[PDB]
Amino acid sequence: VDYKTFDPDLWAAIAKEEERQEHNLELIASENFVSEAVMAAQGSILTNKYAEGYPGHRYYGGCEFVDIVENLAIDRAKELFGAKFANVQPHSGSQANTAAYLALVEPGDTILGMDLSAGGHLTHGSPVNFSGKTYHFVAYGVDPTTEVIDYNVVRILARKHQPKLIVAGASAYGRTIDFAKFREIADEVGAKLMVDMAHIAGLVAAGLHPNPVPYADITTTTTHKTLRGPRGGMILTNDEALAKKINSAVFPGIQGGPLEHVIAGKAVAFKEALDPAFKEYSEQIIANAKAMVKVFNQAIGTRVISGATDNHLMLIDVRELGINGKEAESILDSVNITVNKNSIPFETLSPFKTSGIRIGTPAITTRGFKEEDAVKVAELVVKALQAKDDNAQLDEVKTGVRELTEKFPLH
């Protein structure tokens, strides 16, 4: 705080955000709370070192010890996911995907990925994103009745459109993905396979989701979200030739100097995920999400997309309640519950008129929530959303949220 008196405005804001995180029920599926060690690594003196290149092949001298750190992150990532090669330098998931495309396809090549309304990410073909501006994207959706992936539809589109690359992985799909089936379809049309496991990387590490590493030519991921690491990206592969193309695509391809203090935080998070406690944490993530799905299925006005969850998240249609995703998002904020609106299958992508919201449990699971507490959260969401013009009932939800946050403190 000696260094904080110089800048009262900044640290007052950080102090208020810390209190906000304490009194808020975080339900955004991509959020989490990292350990003291992860934060301490990001605030280390490693931010002072320029380390362009790769361990043992740096352009600058004096990298003997940052090489140890980056190699710790690389080797722990290989142990975590069973990969033969790893690149821990991407600044984010978006940069990891950017370099992965460069190692696999050419500009204008055809790529078959998941439809953006059905679960795909903006980096999987959006025209306001680099991906949709650089490559020719075709999309597979989900079944109209069950709202799960139809792998025969994937095979049909792959044959008809002859993609050079098939992308699997999603940011808003709460069901199991059969990566081995994607590898079979790619082998048939002679395509490559890339998997973006950013949202489910923690569940993959705990063995609770099929592992894409043995099937994908290249696997990309974030280090945050379910992995509970610092904010950043990572690229994995088992192909020695692709590993060099990946290494060259990241630097000098699209980035310059890496963030070694973030990479130290990645190494800390990877060792935490190697501990048996992480499997117990990831199992509680799914158990909490399934309990919330039961409440939303039973409630009047909330429709769970596909009607179930196999992982950490769920999509909810609120059109039956006479509101859209933006209004529901605004309502839950007024009772200290944070979600995000999200497109749902078969909508024509209208990022502000969508009918859906997205909910995930990794954050509250880190705070210590169990199934009965997750049930109470889902019941509080329903109560606020059904509270059509009812300040007295919105206030009761605020009391319930306060009871939960004080029962499970953060720090």
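Basically, rigid core = biggest C-alpha set you can superpose within 1.5 Å across the two forms. The numbering used is simple: start at 1 and walk along the sequence shown.
K.L.:
Fitting on the core, do the C-alphas of 340-348 or of 356-364 deviate more in 5 other deposited structures of this protein?
P.N.:
Between 340-348 and 356-364, the one lying farther away in 5 other deposited structures of this protein is 340-348.
K.L.:
Overlaying the structures in 5 other deposited structures of this protein on the rigid core, point out which of 260-268 and 111-119 has the bigger RMS C-alpha shift.
P.N.:
Greater root mean square C-alpha distance in 5 other deposited structures of this protein: 111-119.
K.L.:
Tell me which stretch has the larger mean Cα B-factor in this entry, 295-303 or 111-119.
P.N.:
The deposited B-factors put 295-303 ahead on the C-alpha mean.
K.L.:
Report the stretch with the higher mean CA temperature factor, choosing between 381-389 and 38-46 on the basis of the entry.
P.N.:
Mean B over CA atoms: larger for 381-389.
K.L.:
Out of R228, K266, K244, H124, which residue has the highest Cα temperature factor in the PDB record?
P.N.:
Top of the list by C-alpha B-factor: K244.
K.L.:
Just say lowest, middle or highest third for the CA B-factor of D67 relative to the other modelled residues in its chain.
P.N.:
For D67, whose C-alpha B-factor we compare with every modelled residue in the chain, the answer is the highest third.
K.L.:
Against its chain's modelled residues, does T361's Cα B factor rank lowest, middle or highest third?
P.N.:
Middle third, going by the recorded CA B-factors of the chain.
K.L.:
Among the chain's modelled residues, which third holds the C-alpha B-factor of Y173?
P.N.:
For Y173, whose C-alpha B-factor we compare with every modelled residue in the chain, the answer is the middle third.
K.L.:
Based on the entry's values, in what third of the chain does the Cα temperature factor of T237 lie: lowest, middle or highest?
P.N.:
Middle third.
K.L.:
Would you check the entry's CA temperature factor for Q162 and let me know if it's in the chain's lowest, middle or highest third?
P.N.:
Highest third, going by the recorded CA B-factors of the chain.
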